[PDB]
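A.B. asks: I'm passing along upload-v6.tsv; it holds TSV, C-alpha atoms and all ligand atoms.
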chain	number	residue	atom	x	y	z
Y	1	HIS	CA	264.55	74.98	120.14
Y	2	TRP	CA	260.87	74.11	120.77
Y	3	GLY	CA	258.70	72.83	117.88
Y	4	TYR	CA	256.12	70.07	117.07
Y	5	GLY	CA	258.48	67.30	115.81
Y	6	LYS	CA	259.70	64.10	117.55
Y	7	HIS	CA	262.71	65.67	119.16
Y	8	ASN	CA	261.29	69.05	120.27
Y	9	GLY	CA	257.51	68.67	120.37
Y	10	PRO	CA	254.88	69.02	123.15
Y	11	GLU	CA	256.29	65.96	124.99
Y	12	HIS	CA	259.56	67.83	125.50
Y	13	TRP	CA	258.31	71.32	126.44
Y	14	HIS	CA	258.28	70.76	130.17
Y	15	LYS	CA	262.11	70.65	130.27
Y	16	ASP	CA	262.51	74.34	129.35
Y	17	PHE	CA	258.99	75.36	130.42
Y	18	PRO	CA	258.09	73.52	133.68
Y	19	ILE	CA	254.64	75.08	133.61
Y	20	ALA	CA	253.77	72.56	130.89
Y	21	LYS	CA	252.77	70.24	133.78
Y	22	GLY	CA	250.97	73.13	135.45
Y	23	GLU	CA	247.48	73.33	136.99
Y	24	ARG	CA	245.66	75.42	134.33
Y	25	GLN	CA	247.18	74.19	131.02
Y	26	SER	CA	245.56	74.33	127.60
Y	27	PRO	CA	244.13	73.15	125.35
Y	28	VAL	CA	241.60	70.75	126.92
Y	29	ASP	CA	238.94	68.29	125.85
Y	30	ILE	CA	235.50	69.85	126.10
Y	31	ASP	CA	233.32	67.17	127.62
Y	32	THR	CA	229.96	68.58	126.52
Y	33	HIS	CA	228.05	66.46	129.10
Y	34	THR	CA	230.09	67.75	132.09
Y	35	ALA	CA	230.12	71.47	131.15
Y	36	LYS	CA	227.47	73.45	133.00
Y	37	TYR	CA	225.23	76.23	131.69
Y	38	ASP	CA	226.10	79.33	133.72
Y	39	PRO	CA	223.28	81.87	134.31
Y	40	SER	CA	225.73	84.49	135.69
Y	41	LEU	CA	227.42	84.82	132.27
Y	42	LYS	CA	226.93	88.18	130.55
Y	43	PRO	CA	226.38	88.23	126.81
Y	44	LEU	CA	229.61	88.15	124.78
Y	45	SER	CA	230.66	91.34	122.98
Y	46	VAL	CA	233.01	91.08	120.01
Y	47	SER	CA	233.50	94.51	118.43
Y	48	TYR	CA	235.84	94.14	115.45
Y	49	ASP	CA	234.49	96.91	113.14
Y	50	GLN	CA	237.39	99.31	113.90
Y	51	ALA	CA	240.09	96.63	113.83
Y	52	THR	CA	243.39	97.77	112.40
Y	53	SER	CA	245.59	95.01	111.01
Y	54	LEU	CA	249.19	95.79	110.18
Y	55	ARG	CA	251.06	92.68	109.05
Y	56	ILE	CA	251.35	88.96	108.73
Y	57	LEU	CA	254.36	87.06	110.08
Y	58	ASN	CA	255.65	83.46	109.66
Y	59	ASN	CA	257.24	82.95	113.10
Y	60	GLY	CA	258.39	79.41	112.32
Y	61	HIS	CA	255.48	77.84	114.23
Y	62	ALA	CA	252.31	79.45	112.83
Y	63	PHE	CA	251.47	82.71	111.10
Y	64	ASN	CA	250.40	85.80	113.04
Y	65	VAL	CA	248.03	88.47	111.81
Y	66	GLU	CA	248.98	91.35	114.07
Y	67	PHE	CA	246.86	94.35	114.91
Y	68	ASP	CA	247.50	97.92	116.07
Y	69	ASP	CA	246.54	97.75	119.76
Y	70	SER	CA	247.71	101.29	120.76
Y	71	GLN	CA	244.01	102.21	121.00
Y	72	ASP	CA	240.65	100.56	121.97
Y	73	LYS	CA	239.37	99.31	118.62
Y	74	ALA	CA	238.99	95.55	118.20
Y	75	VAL	CA	237.78	94.70	121.76
Y	76	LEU	CA	236.25	91.62	123.46
Y	77	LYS	CA	234.09	92.05	126.60
Y	78	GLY	CA	231.09	90.41	128.30
Y	79	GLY	CA	230.77	86.68	128.80
Y	80	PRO	CA	233.04	85.60	131.67
Y	81	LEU	CA	235.20	88.70	131.26
Y	82	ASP	CA	235.54	91.69	133.55
Y	83	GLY	CA	236.24	94.88	131.58
Y	84	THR	CA	237.97	95.13	128.21
Y	85	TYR	CA	240.55	93.07	126.32
Y	86	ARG	CA	242.08	94.36	123.11
Y	87	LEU	CA	242.83	92.26	120.04
Y	88	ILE	CA	246.58	91.89	119.38
Y	89	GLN	CA	246.91	89.06	116.85
Y	90	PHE	CA	245.32	85.95	115.51
Y	91	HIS	CA	246.88	82.70	114.25
Y	92	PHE	CA	245.73	79.17	113.54
Y	93	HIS	CA	246.61	75.60	114.59
Y	94	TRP	CA	246.13	73.02	111.78
Y	95	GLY	CA	246.70	69.42	110.87
Y	96	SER	CA	248.42	67.44	108.09
Y	97	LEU	CA	245.08	65.79	107.30
Y	98	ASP	CA	241.48	66.98	107.88
Y	99	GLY	CA	240.92	64.53	110.78
Y	100	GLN	CA	243.34	66.43	113.02
Y	101	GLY	CA	244.42	69.97	113.68
Y	102	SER	CA	242.42	71.61	116.46
Y	103	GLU	CA	243.81	72.07	119.93
Y	104	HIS	CA	240.64	71.97	121.98
Y	105	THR	CA	238.48	68.98	121.31
Y	106	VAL	CA	234.73	68.43	121.78
Y	107	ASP	CA	233.90	65.07	123.27
Y	108	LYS	CA	237.30	63.95	121.93
Y	109	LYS	CA	236.38	65.19	118.44
Y	110	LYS	CA	239.28	66.91	116.63
Y	111	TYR	CA	238.52	69.61	114.06
Y	112	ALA	CA	240.58	70.34	110.92
Y	113	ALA	CA	241.97	73.53	112.51
Y	114	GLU	CA	241.57	76.11	115.18
Y	115	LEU	CA	241.71	79.89	115.20
Y	116	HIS	CA	242.79	81.87	118.31
Y	117	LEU	CA	242.18	85.58	118.42
Y	118	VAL	CA	244.37	86.76	121.23
Y	119	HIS	CA	243.37	89.70	123.44
Y	120	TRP	CA	244.87	91.57	126.40
Y	121	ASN	CA	243.27	93.07	129.50
Y	122	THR	CA	243.61	96.86	128.99
Y	123	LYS	CA	243.77	97.38	132.97
Y	124	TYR	CA	247.39	96.10	132.57
Y	125	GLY	CA	248.71	98.77	130.20
Y	126	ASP	CA	250.12	96.43	127.56
Y	127	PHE	CA	250.54	92.77	126.50
Y	128	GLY	CA	253.87	92.41	128.40
Y	129	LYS	CA	252.46	93.26	131.81
Y	130	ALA	CA	249.19	91.44	130.87
Y	131	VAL	CA	251.04	88.07	130.72
Y	132	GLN	CA	252.16	88.41	134.32
Y	133	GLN	CA	248.54	88.32	135.47
Y	134	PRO	CA	246.10	85.38	135.95
Y	135	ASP	CA	243.39	87.41	134.13
Y	136	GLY	CA	245.79	89.07	131.68
Y	137	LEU	CA	244.52	87.49	128.45
Y	138	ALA	CA	241.33	86.35	126.70
Y	139	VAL	CA	241.48	84.04	123.73
Y	140	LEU	CA	238.48	83.46	121.46
Y	141	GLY	CA	238.82	79.99	120.00
Y	142	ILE	CA	237.00	79.08	116.80
Y	143	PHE	CA	236.90	75.69	115.14
Y	144	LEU	CA	237.53	75.05	111.39
Y	145	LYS	CA	235.99	72.18	109.39
Y	146	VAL	CA	236.55	71.42	105.72
Y	147	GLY	CA	233.45	72.19	103.74
Y	148	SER	CA	232.36	75.27	101.86
Y	149	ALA	CA	235.02	78.00	101.37
Y	150	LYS	CA	235.15	80.84	103.89
Y	151	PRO	CA	235.08	84.13	101.97
Y	152	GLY	CA	236.56	86.18	104.82
Y	153	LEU	CA	239.63	83.93	105.07
Y	154	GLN	CA	240.74	84.04	101.35
Y	155	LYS	CA	242.68	87.25	101.86
Y	156	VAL	CA	244.95	85.48	104.40
Y	157	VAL	CA	245.08	82.44	102.08
Y	158	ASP	CA	246.29	84.56	99.12
Y	159	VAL	CA	249.17	86.20	101.09
Y	160	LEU	CA	250.71	82.89	102.37
Y	161	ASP	CA	252.80	82.53	99.19
Y	162	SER	CA	254.65	85.61	100.32
Y	163	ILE	CA	255.52	84.39	103.79
Y	164	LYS	CA	256.41	80.78	103.14
Y	165	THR	CA	259.44	80.47	105.38
Y	166	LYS	CA	260.27	81.37	109.00
Y	167	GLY	CA	260.87	85.06	109.59
Y	168	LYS	CA	259.21	86.44	106.41
Y	169	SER	CA	256.38	88.95	106.82
Y	170	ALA	CA	254.21	90.96	104.46
Y	171	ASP	CA	252.02	94.07	104.82
Y	172	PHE	CA	248.49	93.10	105.76
Y	173	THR	CA	246.41	96.20	106.36
Y	174	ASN	CA	242.61	96.59	106.30
Y	175	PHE	CA	241.84	93.00	107.21
Y	176	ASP	CA	238.42	92.54	108.80
Y	177	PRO	CA	238.36	89.69	111.34
Y	178	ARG	CA	234.53	89.87	111.45
Y	179	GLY	CA	234.85	87.79	108.26
Y	180	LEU	CA	236.04	84.83	110.33
Y	181	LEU	CA	233.19	84.52	112.84
Y	182	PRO	CA	230.55	81.88	112.73
Y	183	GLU	CA	226.90	82.98	113.07
Y	184	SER	CA	226.35	81.95	116.76
Y	185	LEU	CA	228.39	83.22	119.64
Y	186	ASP	CA	227.42	80.27	121.88
Y	187	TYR	CA	230.67	79.21	123.67
Y	188	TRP	CA	232.31	77.18	126.48
Y	189	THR	CA	234.67	79.01	128.86
Y	190	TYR	CA	237.41	77.95	131.31
Y	191	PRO	CA	240.70	79.32	132.76
Y	192	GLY	CA	243.83	78.10	130.97
Y	193	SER	CA	247.05	79.10	129.26
Y	194	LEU	CA	248.62	79.87	125.92
Y	195	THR	CA	249.29	76.67	124.00
Y	196	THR	CA	252.80	77.51	122.92
Y	197	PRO	CA	255.81	78.15	125.11
Y	198	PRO	CA	256.14	79.92	127.42
Y	199	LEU	CA	252.62	78.32	128.04
Y	200	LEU	CA	251.68	81.17	130.42
Y	201	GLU	CA	248.69	80.51	132.57
Y	202	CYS	CA	247.10	83.91	131.93
Y	203	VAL	CA	244.17	83.01	129.69
Y	204	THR	CA	240.40	83.16	129.87
Y	205	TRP	CA	239.38	80.78	127.12
Y	206	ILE	CA	236.15	81.36	125.23
Y	207	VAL	CA	235.61	78.55	122.79
Y	208	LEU	CA	232.86	78.93	120.20
Y	209	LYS	CA	230.55	75.95	119.76
Y	210	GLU	CA	229.73	76.60	116.13
Y	211	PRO	CA	232.60	75.80	113.78
Y	212	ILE	CA	233.44	77.76	110.63
Y	213	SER	CA	233.56	75.89	107.33
Y	214	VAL	CA	236.66	76.32	105.17
Y	215	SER	CA	237.34	74.72	101.77
Y	216	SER	CA	239.89	71.93	101.24
Y	217	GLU	CA	241.80	74.16	98.85
Y	218	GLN	CA	242.05	76.91	101.55
Y	219	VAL	CA	243.41	74.49	104.13
Y	220	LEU	CA	245.78	72.92	101.55
Y	221	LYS	CA	247.51	76.27	101.24
Y	222	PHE	CA	247.97	76.47	105.05
Y	223	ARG	CA	249.92	73.19	104.70
Y	224	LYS	CA	252.20	74.56	101.94
Y	225	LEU	CA	253.69	76.89	104.56
Y	226	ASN	CA	257.22	76.15	106.00
Y	227	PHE	CA	258.59	75.76	109.60
Y	228	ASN	CA	262.13	76.28	108.18
Y	229	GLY	CA	263.65	79.61	107.13
Y	230	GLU	CA	264.56	80.48	103.52
Y	231	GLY	CA	267.24	78.22	102.04
Y	232	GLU	CA	266.83	75.44	104.62
Y	233	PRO	CA	265.54	71.97	103.72
Y	234	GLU	CA	261.74	71.85	103.56
Y	235	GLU	CA	259.65	70.92	106.58
Y	236	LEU	CA	255.95	71.55	105.88
Y	237	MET	CA	254.11	73.65	108.54
Y	238	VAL	CA	251.62	70.96	109.54
Y	239	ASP	CA	250.47	69.55	112.86
Y	240	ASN	CA	251.37	72.66	114.75
Y	241	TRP	CA	248.79	71.87	117.43
Y	242	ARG	CA	249.25	70.91	121.08
Y	243	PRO	CA	247.17	67.98	122.32
Y	244	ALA	CA	244.53	68.23	125.08
Y	245	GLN	CA	245.95	68.53	128.64
Y	246	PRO	CA	244.61	67.52	132.15
Y	247	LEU	CA	241.58	69.49	133.33
Y	248	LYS	CA	242.62	69.11	136.98
Y	249	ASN	CA	239.40	70.15	138.59
Y	250	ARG	CA	238.67	73.22	136.49
Y	251	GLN	CA	235.07	73.55	135.43
Y	252	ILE	CA	234.03	74.34	131.91
Y	253	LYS	CA	230.94	76.52	131.73
Y	254	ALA	CA	228.48	76.69	128.79
Y	255	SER	CA	226.91	80.03	127.76
Y	256	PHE	CA	223.92	78.05	126.48
Y	301	LIG	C1	253.31	84.46	120.46
Y	301	LIG	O1	253.98	84.75	121.70
Y	301	LIG	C2	253.95	86.16	121.94
Y	301	LIG	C3	252.55	86.57	122.39
Y	301	LIG	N1	251.56	85.61	121.88
Y	301	LIG	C4	250.26	85.85	121.92
Y	301	LIG	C5	249.86	87.20	122.54
Y	301	LIG	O2	249.40	85.07	121.50
Y	301	LIG	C6	252.23	87.97	121.85
Y	301	LIG	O3	251.71	88.82	122.57
Y	301	LIG	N2	252.55	88.17	120.58
Y	301	LIG	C7	252.31	89.45	119.90
Y	301	LIG	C8	253.64	90.19	119.71
Y	301	LIG	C9	254.69	89.56	119.06
Y	301	LIG	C10	255.90	90.22	118.89
Y	301	LIG	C11	256.05	91.52	119.37
Y	301	LIG	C12	255.00	92.15	120.02
Y	301	LIG	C13	253.79	91.48	120.19
Y	302	HG	HG	258.51	79.53	116.52
Y	303	HG	HG	249.65	84.58	134.10
Y	304	ZN	ZN	247.04	79.39	119.43
Output the file's structure in the form of structure tokens.
C.D. replies:
Amino acid sequence: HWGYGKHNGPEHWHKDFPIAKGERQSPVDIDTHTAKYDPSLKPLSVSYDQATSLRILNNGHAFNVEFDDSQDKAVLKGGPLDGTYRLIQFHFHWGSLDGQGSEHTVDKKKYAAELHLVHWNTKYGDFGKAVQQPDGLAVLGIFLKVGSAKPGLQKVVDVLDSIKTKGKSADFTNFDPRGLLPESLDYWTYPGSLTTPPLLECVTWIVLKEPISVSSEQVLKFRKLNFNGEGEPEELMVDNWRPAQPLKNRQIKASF
């Protein structure tokens, strides 16, 4: 089954998921000199004050912080988006070393990690129908660099002990994702896909320019996580990132 290793990694995904060679695949390199400032972009609106987190799951490829999306609380609108997209989960992609980890790159620069807060277009009723639509999803991408600790990430850090192997989950209520946002909402945007199989080409990507700083000790604990399930030999959850894919004539816009 799909993973990030030699025998099942991103170079193999196309066999089960043909769309891997598709026309709007993600992530991509953000060539900052070719992206164009777009005057028609409305200001971004990230409203996470009412967010209702439920749990945290090791799914054998990343961990998911999942939210109650049965009502219009944590919502993303504005920017390149039409209408409202509700927050369903977030997860990270991260490296084995600080020089790699992010999925999107900026002028070929890799960050230590990347956070994706995943949202679905509420005109489609739920997530399931949302991923059958070219505008079904909006993902806010945020870079991580190793630096000063990020106070609003330590509560996820602290819980990782409890979900070390594939298929474990713990309760994770009252988590405030506002604690993960850099100061500036300047971003690049382009149409793309999810970066894990099934790689569905349903995503409006909104990639923040300003990275968050996280401490080495915080990112170390990410890398103590396991891809294997309990009582299987240890494979560290590291390098769970897909590399940049062909742009194929899509245009990246800057909000700034
Ligand atoms: C990770 O592939 C699934 C898909 N991924 C996204 C949205 O980033 C998703 O909607 N996941 C959320 C979810 C998971 C299990 C049950 C119900 C909802
Ligand atoms: Hg998985
Ligand atoms: Hg789609
Ligand atoms: Zn992701």
A.B. asks: How many Å lie between atom CA of residue 146 of chain Y and atom CA of residue 216 of chain Y, rounded to one decimal?
C.D. replies: 5.6 Å
A.B. asks: Expressed in Å to a single decimal, how great is the separation between atom CA of residue 245 of chain Y and atom CA of residue 101 of chain Y?
C.D. replies: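 Going from atom CA of residue 245 of chain Y over to atom CA of residue 101 of chain Y covers 15.1 Å.
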A.B. asks: Can you measure atom CA of residue 46 of chain Y to atom CA of residue 64 of chain Y for me? One decimal in Å is fine.
C.D. replies: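 Pair atom CA of residue 46 of chain Y / atom CA of residue 64 of chain Y returns 19.5 Å.
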A.B. asks: Check which residues fall inside 9 Å of ligand ZN 304 (chain Y) when counting all atoms listed in the file, and print them as a VMD selection string.
C.D. replies: chain Y and resid 62 90 to 93 103 114 to 118 139 141 194 to 196 241 to 242
A.B. asks: Rank nothing, just name the residue among Y:41, Y:150, Y:112, Y:1 nearest to residue 13 of chain Y, using only C-alpha atoms.
C.D. replies: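 Result for the nearest residue to residue 13 of chain Y: Y:1.
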A.B. asks: From the options Y:96, Y:174, Y:199, Y:166, which residue's atoms come nearest to residue 68 of chain Y, counting only C-alpha atoms?
C.D. replies: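 Under the stated criterion, the closest residue is Y:174.
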A.B. asks: Which of these, Y:74, Y:206, Y:131, Y:254, has the shortest distance to ligand LIG 301 (chain Y) once you count all atoms listed in the file?
C.D. replies: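 Among the listed residues, Y:131 lies closest to ligand LIG 301 (chain Y).
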A.B. asks: Counting all atoms listed in the file, what residues are within 8 Å of ligand HG 303 (chain Y), given as number ranges by chain?
C.D. replies: Y: 130-136, 193, 200-203
A.B. asks: Please identify the residues whose atoms come within 7 Å of ligand HG 302 (chain Y), using all atoms listed in the file, and report them as a PyMOL selection string.
C.D. replies: chain Y and resi 3+59-61
A.B. asks: Please list as a list in words every residue within 8 Å of residue 54 of chain Y, counting all atoms listed in the file and excluding residues in the same chain fewer than 3 positions away.
C.D. replies: residues 65, 66, 67, 68, 171, 172, 173 and 174 of chain Y
A.B. asks: If we count all atoms listed in the file, what is near residue 255 of chain Y at a cut-off of 7 Å, once residues fewer than 2 positions away on the same chain are taken out, given as a list in words?
C.D. replies: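 Returned residues: residues 37, 38, 41, 186, 187, 188 and 253 of chain Y.
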A.B. asks: For a cutoff of 7 Å around the file-coordinate point (253.0, 71.2, 109.3), which residues qualify once you count only C-alpha atoms? I'd like the result as a list in words.
C.D. replies: residues 95, 96, 223, 236, 237, 238, 239 and 240 of chain Y
A.B. asks: What's around residue 176 of chain Y at 10 Å? Count only C-alpha atoms, leave out sequence neighbours fewer than 4 positions away in its own chain, and write the answer as a ChimeraX atom specification.
C.D. replies: /Y:48-53,74,152-153,155,180
A.B. asks: Nearest to residue 170 of chain Y: which of Y:40, Y:58, Y:251, Y:71 is it, counting only C-alpha atoms?
C.D. replies: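 The shortest atom-to-atom distance to residue 170 of chain Y comes from Y:58.
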A.B. asks: Smallest atom-to-atom distance to residue 167 of chain Y: which of Y:190, Y:227, Y:94, Y:17, using only C-alpha atoms?
C.D. replies: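 Checking each of Y:190, Y:227, Y:94, Y:17 against residue 167 of chain Y, counting only C-alpha atoms, the winner is Y:227.
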A.B. asks: So, counting only C-alpha atoms, which residue among Y:57, Y:80, Y:243, Y:47 is closest to residue 181 of chain Y?
C.D. replies: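 The closest residue to residue 181 of chain Y is Y:47.
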A.B. asks: Please, could N, CA and C atoms be added to segment 107-132 of chain Y and the result written as a compact mmCIF listing (two decimals), in the coordinates of the input?
C.D. replies:
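New file result_39.txt:
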# COMPACT_ATOMS: atom_id res chain seq x y z
N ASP Y 107 234.09 66.51 123.06
CA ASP Y 107 233.90 65.07 123.27
C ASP Y 107 234.86 64.23 122.47
N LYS Y 108 236.16 64.60 122.56
CA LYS Y 108 237.30 63.95 121.93
C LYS Y 108 237.32 64.14 120.41
N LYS Y 109 236.39 64.94 119.88
CA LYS Y 109 236.38 65.19 118.44
C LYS Y 109 237.39 66.28 118.08
N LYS Y 110 238.33 65.93 117.18
CA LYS Y 110 239.28 66.91 116.63
C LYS Y 110 238.71 67.54 115.37
N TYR Y 111 238.78 68.86 115.30
CA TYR Y 111 238.52 69.61 114.06
C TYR Y 111 239.74 69.71 113.13
N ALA Y 112 239.51 70.18 111.91
CA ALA Y 112 240.58 70.34 110.92
C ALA Y 112 241.59 71.42 111.34
N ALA Y 113 241.11 72.47 112.03
CA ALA Y 113 241.97 73.53 112.51
C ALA Y 113 241.30 74.29 113.61
N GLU Y 114 242.07 75.19 114.18
CA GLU Y 114 241.57 76.11 115.18
C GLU Y 114 242.20 77.48 115.08
N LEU Y 115 241.34 78.49 115.16
CA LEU Y 115 241.71 79.89 115.20
C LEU Y 115 241.58 80.43 116.66
N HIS Y 116 242.61 81.18 117.05
CA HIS Y 116 242.79 81.87 118.31
C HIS Y 116 242.99 83.32 118.03
N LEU Y 117 242.04 84.11 118.49
CA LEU Y 117 242.18 85.58 118.42
C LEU Y 117 242.54 85.99 119.82
N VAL Y 118 243.69 86.62 119.94
CA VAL Y 118 244.37 86.76 121.23
C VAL Y 118 244.12 88.18 121.70
N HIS Y 119 243.73 88.35 122.96
CA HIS Y 119 243.37 89.70 123.44
C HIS Y 119 243.98 89.93 124.83
N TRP Y 120 244.36 91.19 125.07
CA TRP Y 120 244.87 91.57 126.40
C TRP Y 120 244.07 92.58 127.21
N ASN Y 121 243.89 92.22 128.47
CA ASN Y 121 243.27 93.07 129.50
C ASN Y 121 243.89 94.48 129.61
N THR Y 122 243.19 95.45 129.02
CA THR Y 122 243.61 96.86 128.99
C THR Y 122 243.80 97.42 130.40
N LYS Y 123 243.35 96.81 131.72
CA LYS Y 123 243.77 97.38 132.97
C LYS Y 123 245.26 97.18 133.24
N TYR Y 124 245.93 96.36 132.42
CA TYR Y 124 247.39 96.10 132.57
C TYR Y 124 248.35 96.88 131.66
N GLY Y 125 247.83 97.87 130.93
CA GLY Y 125 248.71 98.77 130.20
C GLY Y 125 249.21 98.29 128.87
N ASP Y 126 249.84 97.11 128.83
CA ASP Y 126 250.12 96.43 127.56
C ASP Y 126 250.20 94.92 127.70
N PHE Y 127 250.41 94.25 126.57
CA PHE Y 127 250.54 92.77 126.50
C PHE Y 127 251.55 92.20 127.51
N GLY Y 128 252.75 92.81 127.53
CA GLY Y 128 253.87 92.41 128.40
C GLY Y 128 253.56 92.29 129.89
N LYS Y 129 252.92 93.31 130.43
CA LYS Y 129 252.46 93.26 131.81
C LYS Y 129 251.23 92.35 131.98
N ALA Y 130 250.35 92.37 130.96
CA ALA Y 130 249.19 91.44 130.87
C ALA Y 130 249.51 89.96 131.09
N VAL Y 131 250.66 89.50 130.60
CA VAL Y 131 251.04 88.07 130.72
C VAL Y 131 251.80 87.76 132.01
N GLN Y 132 251.59 88.60 133.00
CA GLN Y 132 252.16 88.41 134.32
C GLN Y 132 250.98 88.30 135.29
